[PDB]
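Protein chains in written order, with the deposited numbering: chain L, 1 to 211; chain H, 1 to 101, 109 to 137, 143 to 196, 202 to 222. C-beta: ideal position from N, C-alpha, C; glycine also. Scroll down for the structure; my scribbles are underneath it.
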Amino acid sequence: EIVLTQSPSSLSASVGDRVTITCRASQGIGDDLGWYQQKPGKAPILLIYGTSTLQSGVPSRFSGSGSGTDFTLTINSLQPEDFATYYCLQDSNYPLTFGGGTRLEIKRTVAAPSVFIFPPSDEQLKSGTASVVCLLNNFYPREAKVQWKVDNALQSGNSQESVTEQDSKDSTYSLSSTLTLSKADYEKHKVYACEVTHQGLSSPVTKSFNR
Amino acid sequence: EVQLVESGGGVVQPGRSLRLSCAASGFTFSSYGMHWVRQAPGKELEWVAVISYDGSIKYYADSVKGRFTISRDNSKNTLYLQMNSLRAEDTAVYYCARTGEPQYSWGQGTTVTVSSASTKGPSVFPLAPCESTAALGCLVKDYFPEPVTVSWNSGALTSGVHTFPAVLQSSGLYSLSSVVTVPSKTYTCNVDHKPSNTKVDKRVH
Ligand code: NA
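Laid out in structure tokens, this is it:
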């Protein structure tokens, strides 16, 4: 199939800025490439098709260009409603294929996360499972690193992370890391530490507790 | 106005067959071809199948060829997608799209979840620690299927609340947390899980 390589996967911009989003086909597709906009929980909306042909109703700040293998989406003077995810699309041959997508987020000043660690509740421990939750509250940019240490033993493969959508008020993100152990494994160790690395912190911060 | 309303999505066991339909209104349905496109969780759109206006030409994506069948009933303005031998990979929002030769017009889609999990209410556990701002929350663990809604103090508390997207656990059940920061009062999270008719209020101390 024809593979579309979209860049970048995320982008930071401000209202009134000009944005450029790139998409390259693994082989010639002529001008049969479009651009889609999508927001969480919403169906995609076609903004541009035919490389440069803007669909009816789409603001004129949207425009497409390029032909052959390289294609570009440009948005002049961003508007608050423009922050969303964009995909390129090609229908020159089958199967129809889509780019990786580009999440366009609101750019903001750096904001360090508030870090909290929650021990597993006694109620949950009666069931045989222990969940240790680490919270990174309202930080920016989105990139962060959370490391779990159990008695100074680096943990791996026993945690899951969840990131929220960019906040509509302060434009920050929040993140949760959950260390999952059984009641047996958990009761065999004392200190549970969550170390958070974020460029808003002068140095990584460690939140921990003694069981 | 052009209207496309997908339906039929739901939880289906692996290997079973399911029939998705798409109700079209606002245009001459028998004059346009139609595509099926799906969106797996966290992934981009994936094209599925196409069908000509008269239903004589049908093309399928390799990942669904031999298992899915696309069809249409122009007398009912309804597009169909028959999914056989459903796999876990087939979990996604299935979209209905019209094409012309508005190049593509999409419906809101319908969700399909392939899983052996049985409907199960969530376990609600408190999140308490053990400095001005403090943090509390609730752990909504081991429920199926999506979704769950979490309020705080019956909706009287919304500022500072973060309800994280659920993650799919190895067990096939979903789990999420809801937290809120407060100035260092009573605090109670309200968990709602429609599929199991479960409604839980849990105070946090
Ligand atoms: Na979660």
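Could you give the residue range of the alpha helix (DSSP H) that holds residue i?
i	result
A24(H)	Where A24(H) is concerned, there is no enclosing alpha helix (DSSP H), although the beta strand (DSSP E) it sits in stretches over 18-25.
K190(L)	Segment: none, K190(L) is in no alpha helix (DSSP H) and carries neither H nor E.
Could you spell out the range, first to last residue, of the beta strand (DSSP E) harbouring residue i?
i	result
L125(L)	No beta strand (DSSP E) holds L125(L); the alpha helix (DSSP H) holding it covers 122-125.
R103(L)	102-106
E161(L)	159-163
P195(H)	186-195
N207(H)	205-210
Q6(L)	4-7
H174(H)	173-175
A147(H)	145-155
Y80(H)	78-83
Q147(L)	145-150
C23(L)	19-25
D218(H)	215-220
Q38(L)	33-38
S174(L)	173-182
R72(H)	68-73
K207(L)	205-210
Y60(H)	58-60
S10(L)	10-13
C88(L)	85-90
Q3(H)	3-7
Would you decide whether residue i is buried or exposed? Buried here means 16 or more other CB atoms lie within 10 Å of its CB.
i	result
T193(H)	buried
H210(H)	buried
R220(H)	exposed
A147(H)	buried
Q39(H)	buried
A168(H)	exposed
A61(H)	buried
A88(H)	exposed
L154(L)	exposed
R211(L)	exposed
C137(H)	exposed
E44(H)	buried
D82(L)	buried
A25(L)	buried
So residue i and residue j are supposed to be a Cβ contact under 8 Å. How far apart are they, rounded?
i	j	result
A144(L)	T197(L)	7 Å
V64(H)	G26(H)	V64(H) to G26(H), Cβ: 28 Å. No contact.
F116(L)	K207(L)	6 Å
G50(L)	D31(L)	6 Å
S174(L)	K107(L)	Actually they do not touch by this definition, with Cβ atoms about 18 Å apart.
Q115(H)	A43(L)	5 Å
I70(H)	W36(H)	6 Å
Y80(H)	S21(H)	5 Å
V5(H)	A23(H)	5 Å
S187(H)	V152(H)	7 Å
For the region 130-159 of chain L, which residues have a beta carbon sitting closer than 9 Å to at least one beta carbon of chain H? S131, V133, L135, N137, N138
What residues in the region 14-44 of chain L bring their beta carbon closer than 7 Å to a beta carbon of chain H? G34, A43, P44
With 8 Å as the limit, tell me which residues of the region 151-174 of chain H have their beta carbon closer than that to any beta carbon of chain L; keep them in chain order. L151, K153, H174
Which residues, in order along the region 46-57 of chain H, keep a beta-carbon less than 8 Å from a beta-carbon of chain L? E46, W47, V50
Which residues of the region 110-133 of chain H have a Cβ closer than 8 Å to any Cβ of chain L? Give them in chain order. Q110, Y111, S112, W113, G114, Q115, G116, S130, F132, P133
Got a sec: which bits of the region 113-128 of chain L sit with their beta carbon under 8 Å from any beta carbon on chain H, in order along the chain? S114, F116, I117, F118, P119, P120, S121, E123, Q124, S127
Looking at chain L, which residues of the region 82-100 of chain H have a Cβ within less than 7 Å of any of its Cβ atoms? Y95
Proximal residues, the region 51-63 of chain L versus chain H, C-beta separation under 8 Å: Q55, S56
Positions along the region 90-104 of chain L whose CB lies within less than 9 Å of some CB in chain H: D91, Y94, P95, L96, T97, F98, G99, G100, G101
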